[PDB]
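Engineer: These protein sequence lines map, in sequence, to chains F and D. The numbers in the authors' numbering rise by one with no breaks, and the one at position 16 of the first sequence is 221. The numbers in the authors' numbering rise by one with no breaks, and the one at position 39 of the second sequence is 137. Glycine included, C-beta positions come from ideal geometry on N, C-alpha and C.
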Amino acid sequence: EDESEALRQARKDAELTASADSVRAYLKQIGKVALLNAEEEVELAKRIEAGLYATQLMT
Amino acid sequence: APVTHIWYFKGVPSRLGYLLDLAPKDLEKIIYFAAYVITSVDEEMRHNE
Numbered sequence: 206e207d208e209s210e211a212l213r214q215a216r217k218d219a220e221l222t223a224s225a226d227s228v229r230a231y232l233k234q235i236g237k238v239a240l241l242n243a244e245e246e247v248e249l250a251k252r253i254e255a256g257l258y259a260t261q262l263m264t
Numbered sequence: 099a100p101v102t103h104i105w106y107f108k109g110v111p112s113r114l115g116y117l118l119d120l121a122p123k124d125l126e127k128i129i130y131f132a133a134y135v136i137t138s139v140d141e142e143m144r145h146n147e
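1) If you draw a straight line from the C-alpha of F/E206 to the C-alpha of D/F107, how long is it?
2) Please list, in chain order, the residues of the stretch 228-256 of chain F that have any C-beta partner in chain D closer than 8 Å.
3) Flag this pair as yes or no: are the beta carbons of D/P122 and D/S112 separated by less than 8 Å?
4) Given a limit of 9 Å on CB to CB distance, which residues of the stretch 119-132 of chain D reach chain F?
5) Return the CA-CA distance between D/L120 and D/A133, expressed in angstroms with no decimal places.
6) Taking DSSP as the reference, what is the three-state secondary structure of D/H145?
7) Identify which residue in D/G109, D/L118, D/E147, D/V110 has its Cα closest to the Cα of D/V135.
8) Report yes if the C-beta distance between D/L125 and D/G115 is below 8 Å; otherwise report no.
9) If you reduce the DSSP assignment to three classes, tell me which class F/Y231 lands in.
Following this line, the structure appears as structure tokens:
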């Protein structure tokens with residue numbers, strides 16, 4: 206079913222495929238990062254604000 | 099960025115594969131960004147460490 210080595214390495218092997226079509230390979234790779242919500246967006250925006258502030262301070 | 103000439107990578111004999119001792123199935127994965135290779139290793143830096 207899903208556990209007991211039937212589906213985990215199944216997913217790993219299915220993902221680890223040749224993907225001859227270039228668009229297919231790109232869509233396979235893009236299916237790796239989870240989507241984001243508003244709180245994550247504002248938190249990452251705060252992190253980027255801190256990063257650019259630190260870059261300005263370095264300058 | 100450098101690219102590979104298809105006439106030499108792809109063919110009935112894969113000339114690049116013959117010279118580098120690989121396979122075209124083990125070259126398309128690299129010159130089309132699907133798997134990495136180890137360009138060089140430090141032998142002594144690993145033997146002592």
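Structural biologist: Considering the structure as presented:
1) 42 Å
2) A230
3) yes
4) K123, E126, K127, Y130, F131, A132
5) 14 Å
6) helix
7) D/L118
8) yes
9) helix
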